[PDB]
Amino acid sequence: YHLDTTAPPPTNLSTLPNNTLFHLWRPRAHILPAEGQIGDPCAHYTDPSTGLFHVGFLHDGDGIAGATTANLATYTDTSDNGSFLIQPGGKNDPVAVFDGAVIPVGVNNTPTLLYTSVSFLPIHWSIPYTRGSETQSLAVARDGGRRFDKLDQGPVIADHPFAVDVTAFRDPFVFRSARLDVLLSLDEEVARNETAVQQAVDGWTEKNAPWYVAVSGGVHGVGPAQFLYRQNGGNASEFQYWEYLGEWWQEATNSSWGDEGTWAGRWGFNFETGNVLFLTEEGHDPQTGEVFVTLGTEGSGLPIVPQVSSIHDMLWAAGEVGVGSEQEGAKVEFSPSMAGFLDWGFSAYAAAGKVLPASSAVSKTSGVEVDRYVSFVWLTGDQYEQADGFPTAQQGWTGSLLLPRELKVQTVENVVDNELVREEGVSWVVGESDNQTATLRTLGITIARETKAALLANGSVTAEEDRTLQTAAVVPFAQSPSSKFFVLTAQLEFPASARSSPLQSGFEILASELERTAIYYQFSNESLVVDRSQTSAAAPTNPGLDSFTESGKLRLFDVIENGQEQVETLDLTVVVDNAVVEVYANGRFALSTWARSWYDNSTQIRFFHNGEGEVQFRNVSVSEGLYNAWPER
């Protein structure tokens, strides 16, 4: 048998020769290794010397591999044979190398990696923690960052907090903060009043501020948490000793944001890959930005099945930092005011981002004058290794990162101040209001501009005529793409009467007679849904190809656009990069998943409406082709 994707798939894909399915579902514009599997992205940094942006990710469970870009569009591997930067087998990491982050100017004034060095396995929140399993070690970049050499000494943080029964102690993330420096330098009482505090913040200078470190995990019998450290005594030149500032953020076991965990999953049993951001309405600022945190939480249904995390939520939260309460606890504490999802995809997790300086070679070329925060989300290829026999040897690779995303403070103006806005435990805060119309503030999520530009650069453009649907129907576009590489954009406008309706409106993509993937909005539970029940003709006999429904919550607010009140427009941008499908909505929503369609002919796109209520499609268009993200492979 020789692969022919115009003919029915074999009953069992797992019987095919290795690498047979290599190109079938592989993306062309996404970050992934030349072959093999990719894990958590990590260790990103803008090299001060060259201005180039370095990207990192775990690879084949045998270390951290890397790549570089000068425009945040195309990438180049640091080296061949896996492009590894650092691998296990040292004295601090005899068993494995986990996530880490980089300080651009560290030891010997060069990029310094602070990563989790592993000495014992297994490690899981649902079983006893082996003392010394995870420590934080140092490594220094060499040969242009094409390699990270471990410093010849033991870990700089050789143990978890004293006598604390941690569930996990890994994934160090480094950052600077004016608010934290101020809170820790001022008296405990002068740091009580925000007035005095804000004054010191104004004169704060980053150039010589100390580095903070957030380590993720939890505490057995108590709950997930983030452990905060900082260069000892706040000395920017101290890289050896890191004073522990306490559990700056913790939540009770498996508790969740809001009374019914509706908008931000659950805090779960353990916190992973914590990122600390300082956002503004334009980008990233450690002096004036609001505190935002992205993280993955590990969850489980009851009863618990030891060593299995059934749920992997990719969350985000915003809030404020204050000096600790009257206790012998953390010196500073993070208090969430709102929380949500960075990506609602089941397989989306372990986001690892970094500040991308306006001084970066990337930003100078594109002309960006402000500092940005770019986040890279992981899309596990095999349901976190819980897949029911996915044909891995046949594919020859596993997983991918999602498109680079710019994170900032997004505002939604002219929102009618009603129940929809006032709900408790939500993903937004009321910026201002007169009880009639308010401005909302939330986490903004968009494809990094350079990447979005590159995606449409040389693509053929085919627009569709505005259309309205009232009766149930599936209407094929006038001209569908003939490949599985395209960007679909569209705006859906709904009448107020649709909120209380069983309405479902959207599109069907990657479709033919034997396959289809449905993407639609639903008011019943205010969610964007990706129905993959009919996505792959090969899925029925290969359970390895997950087909369950994916979905995310997205509320469309009542707003005033032209003196008239209308239900907010649903602005979609679906990027299909072969099987990798990313659904973006209103600059504040993202849902990614795998759509492993089989036939070459399944490229049809159709308008979809279930006859419940009515929808108005406008500015619908398709850009086909995308682009090659790895020109030199």
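A residue's number is simply how far along the shown sequence it sits, counting from 1.
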item	value
Stretch with the greater mean C-alpha B-factor as recorded in the entry, comparing 505-513 against 467-475	467-475
Per the entry, higher mean C-alpha B factor between 290-298 and 321-329	321-329
Top Cα B factor in the deposited entry, candidates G63, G66, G587, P48	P48
Highest-ranked of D152, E385, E247, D259 once sorted by CA temperature factor in the record	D259
Ranked against its chain, the third holding the CA B-factor of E35	middle
Chain-relative CA temperature factor third for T593	lowest
Chain thirds of CA B-factor: placement of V567	highest
Modelled-residue ranking by C-alpha temperature factor, third containing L315	lowest
Third of the chain's Cα B-factor distribution that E134 belongs to, per the entry	lowest
